[PDB]
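Undergrad: The following block contains the structure, expressed as structure tokens.
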Amino acid sequence: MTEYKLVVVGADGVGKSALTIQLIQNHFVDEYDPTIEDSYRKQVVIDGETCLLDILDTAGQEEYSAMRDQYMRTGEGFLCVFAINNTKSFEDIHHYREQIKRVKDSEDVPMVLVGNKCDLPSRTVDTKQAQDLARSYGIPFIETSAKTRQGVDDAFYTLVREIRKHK
Ligand SMILES: Nc1nc2c(ncn2[C@@H]2O[C@H](COP(=O)(O)OP(=O)(O)CP(=O)(O)O)[C@@H](O)[C@H]2O)c(=O)[nH]1
Ligand SMILES: [Mg+2]
């Protein structure tokens, strides 16, 4: 069975944990319980192939930034999440991408840019600006909501497809 090592990264509060829990458990977490580091393993069928997804749900709190080196070395693909109502979280994407590129010594690391909380009316990052950033990196971009499940399966499955091409 093919195993995919996915790592979910992004600023504190963007919805990394809510996206992961929505994907796996099909329910939305309203509370804000900051993460240190959680991991999940789930079997799913993607494009007719039974896949084992290893999902690492990382800390957005900068206090845990020293843990990034290990997960960036081990991870095969990265879900780079910002929230569409948090401009700082969008600005922080570039830092996560440079860090990943440095650790893996490559400009071709599987990544997907995710603009989460698309159910909210309080947008501060236009879809076009995020699509332009993703085009500059050569990676896919999808908007998601951990509350409604919009784009959630597509975001994770797209990241798996980005890893799979290299095999
Ligand atoms: N409306 C809405 N709220 C969301 C969405 N995703 C997460 N939230 C809310 O945002 C808050 C933070 O979500 P959480 O999943 O804990 O974020 P995180 O990025 O894991 C936080 P940390 O980096 O500290 O672990 C919570 O109140 C959660 O309900 C979403 O798509 N829509
Ligand atoms: Mg979390």
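Undergrad: Using the Cα atoms of segment 19-167, I'd like the radius of gyration and the largest Cα-Cα distance, Dmax, both in angstrom.
TA: Final numbers for Rg and Dmax: 14.8, 41 Å.
Undergrad: Say we join alpha carbon atoms closer than 10 Å with springs in a Gaussian network model of the chain; which of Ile93, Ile142, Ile36 then has the biggest fluctuation?
TA: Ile36
Undergrad: Which ³J(HN,Hα) values, rounded to whole Hz and listed in residue order, are derived for segment 46-60 from phi using the Karplus coefficients 6.51, -1.76 and 1.60 in 6.51 cos²θ - 1.76 cosθ + 1.60 with θ = phi - 60°, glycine and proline given as x?
TA: Coupling constants for segment 46-60: 10, 6, x, 10, 6, 10, 9, 9, 9, 10, 9, 9, 8, 7, x Hz.
Undergrad: Moving on to the next point. Using a Gaussian network for the chain with springs between C-alpha atoms less than 10 Å apart, which of these wobbles most: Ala146, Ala66, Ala130?
TA: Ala66
Undergrad: Find which of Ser39, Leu113, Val103 sits farthest along the positive direction of the dipole of segment 29-162, computed with +1 on the beta-carbon of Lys and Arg, -1 on that of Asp and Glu, about the Cα centre.
TA: Sorting the options by dipole projection puts first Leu113.
Undergrad: Could you tell me what % of all Cα pairs in segment 28-67 have separations over 15 Å?
TA: Summing the P(r) tail past 15 Å for segment 28-67 gives 59 percent.
Undergrad: Between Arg161 and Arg41, what is 0.36 nm times their sequence separation minus the Cα-Cα distance? Round to one decimal in nm. Walk me through the numbers on the way to the answer.
TA: On the way: separation 120, 0.36 × 120 = 43.20 nm, distance 1.75 nm.
Length gained, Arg161 through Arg41: 41.5 nm.
Undergrad: Under a cut-off of 18 Å between alpha-carbon atoms, report the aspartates and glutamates in cross-link reach of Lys167, not counting same-chain residues fewer than 8 places apart.
TA: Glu3, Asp47, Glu49, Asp54, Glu76, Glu107, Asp108
Undergrad: Counting alpha carbon pairs within less than 8 Å and at least 6 residues apart, what relative contact order, in whole percent, applies to the chain?
TA: That works out to 27 percent.
Undergrad: Neighbour counts of other C-beta atoms within 10 Å: give me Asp126, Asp38 arranged from fewest to most.
TA: Neighbour counts put them in this order, fewest first: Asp126, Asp38.
Undergrad: Which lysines have a Cα lying under 28 Å from the Cα of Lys88, excluding residues fewer than 8 positions away in the same chain?
TA: Filter leaves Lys5, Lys16, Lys101, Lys104, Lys117, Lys128, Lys147.
Undergrad: Between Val103, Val114, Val14, where does the largest GNM mean-square fluctuation fall for the chain, given springs only between Cα atoms within less than 10 Å?
TA: Largest GNM mean-square fluctuation: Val103.
Neighbour counts run over all protein chains shown; Cβ positions are idealised from the backbone, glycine included. Coordinate-derived values only; no laboratory data.
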